[PDB]
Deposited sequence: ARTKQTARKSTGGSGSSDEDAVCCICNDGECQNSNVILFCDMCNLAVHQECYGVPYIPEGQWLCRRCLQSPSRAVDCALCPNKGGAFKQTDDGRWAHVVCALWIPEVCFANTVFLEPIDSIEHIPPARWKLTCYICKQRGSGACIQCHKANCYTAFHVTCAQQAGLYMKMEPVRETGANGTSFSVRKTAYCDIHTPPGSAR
């Protein structure tokens, strides 16, 4: 395996929890952000390149492409980071961080919000600014690519619009 920031947490701090590179698509992920408890001595492939090596995939939860995908339990693909941040979604196995399931428990309202970053409605499940009584909505990956503050912390997962970026 080959051991640039982890595209799930956007942190470059490598260490016991290394950043792996897919030997086919050059995806870079922490073994703990993507669910890789054992690293192979030879080539490592992400789940997308194991299954759909010559075809990119769509996220079931956002309109954006690229980054780190797992299969869902219902015939789709989703971003790890989208599954992490949407409250009703989860991972069936929390060590392997797969499959992504419970997408059917997302309230229809999330698909009716308008992402204020890409301005699209109905193309993914939005989350909202964690600020009380701020209703600004965004896709998880749109918040990531736009550089909004997004923190997971022992586990609370708080994301903020640019008005409400918290002290730090």
*Take the full deposited sequence, match it to the modelled residues, and report the stretches without C-alphas.*
4 to 20, 33, 173 to 184, 199 to 201
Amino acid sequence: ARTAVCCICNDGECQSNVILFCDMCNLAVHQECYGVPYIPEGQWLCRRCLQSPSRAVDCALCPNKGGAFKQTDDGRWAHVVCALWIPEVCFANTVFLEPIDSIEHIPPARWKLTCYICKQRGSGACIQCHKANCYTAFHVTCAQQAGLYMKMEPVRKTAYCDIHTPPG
From here on, numbers count along this sequence of modelled residues.
*asked:* Using only C-alpha atoms and the B-factors in the entry, which stretch averages higher, 125 to 133 or 34 to 42?
replied: 34 to 42
_If you take the mean CA temperature factor per stretch, which one wins between 90 to 98 and 71 to 79?_
90 to 98
*asked:* If I read the C-alpha B-factors straight from the PDB entry, which of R55, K112, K119, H139 is highest?
replied: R55
*Relative to the other modelled residues of the same chain, rank the CA B-factor of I106 and answer lowest, middle or highest third.*
lowest
*Ranked C-alpha temperature factor of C49 among modelled chain residues, by third*: middle
_Please say which third, lowest, middle or highest, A4 falls into when its CA temperature factor is compared across its chain._
highest
*Could you look up the Cα B-factor of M150 in the entry and say which third of the chain it sits in: lowest, middle or highest?*
lowest
*Compared with the other modelled residues in the chain, in which third is the CA B-factor of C59?*
lowest
